[PDB]
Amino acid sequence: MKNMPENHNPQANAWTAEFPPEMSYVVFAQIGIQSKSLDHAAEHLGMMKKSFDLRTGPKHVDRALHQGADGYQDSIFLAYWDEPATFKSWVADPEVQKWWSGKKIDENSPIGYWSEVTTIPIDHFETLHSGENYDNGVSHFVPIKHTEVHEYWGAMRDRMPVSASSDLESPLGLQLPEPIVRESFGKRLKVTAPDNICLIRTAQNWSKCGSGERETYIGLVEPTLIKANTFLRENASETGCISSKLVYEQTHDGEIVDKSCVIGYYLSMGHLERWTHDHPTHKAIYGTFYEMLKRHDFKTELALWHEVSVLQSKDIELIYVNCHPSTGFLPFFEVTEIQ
């Protein structure tokens, strides 16, 4: 609450996850099939989707489609557990072992496999929701409550309990190295990340918007989001953004719905903060959002939310099997070949 302004009174309501006392960790797993034609991914996606309904399966799973550059796509599962023990039991199930860690991927395969598994201690985790919505990531299975801790720069950091006792800076300092090009196709590679990287899933949901509000979101706001994500992807060193994906969410048979999110990793929470507060790209987003609020009497059916975590090296398992060299963390930090 260090950054809360004096006489703080927010002009809009917001909600935040309230984790139960017995809950110590969230496991958030991003599992992806990389392809040039979705046809080639279809077999792998069926096997994975049947795995999620095991009794040890995730409390919640989203599906999303990422358009990468060079014409590669990632078909992604976003899966949540509230017990690390249960997630370990899921991975050990033989149904999961049939495909886990890219086991079904060939040396000359047309598809790649990747997984980014982050085990998030609850005191390094915070969410924010623009409405009392129980279909926003962990709000599918965790209660949410009203909070006044928003609507100022620094509110995100204040909502994360550990920021009261840690600056959450990176051991590598302020300068993320330039991305390097590694020979990743044909190989099973593991990346080891530094401590205190910051992960954000920030989401947009215009599915309940009226016709006119939807027109405004798609015509005015979404283009600035697309531009922001492209900037982030192309300017890693300047921003401290290790990886940024704009993805469109899907029904579980693959139909794209009116929902998206950006999933980004940053060298520290401070890099995310400085980009959000100072860079023109997020300012244009905030501007067009406010313009959208003025047009509809400041009462929107657009749902916004995010989940932000700060991660230790040992809590991030990053695996890339036959993937494009720009996928995820592949351009950064320490890589090890697995065999």
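Throughout, we count residues from 1 along the sequence that is shown.
Stretch comparison (295-303 versus 26-34) by mean CA B-factor in the PDB entry places 295-303 on top. The deposited model assigns a higher average Cα B-factor to 247-255 than to the other stretch when 247-255 and 228-236 are compared. Among 308, 69, 65, 61, the highest C-alpha B-factor recorded in the PDB entry belongs to 69. Between the residues 128, 263, 242, 105, it is 105 that shows the highest Cα B-factor in the PDB record.
Residue-level temperature factors show residue 73 in the highest third of its chain, judged at the C-alpha atom. Residue 152: CA B factor lies in the middle third for its chain, per the PDB record. When the modelled residues of the chain are ordered by their C-alpha B factor, residue 42 lands in the highest third. Among the modelled residues of its chain, residue 320 has a C-alpha B-factor that falls in the lowest third according to the deposited record. Residue 328: CA B factor in the lowest third of modelled residues in this chain (values from the PDB entry).
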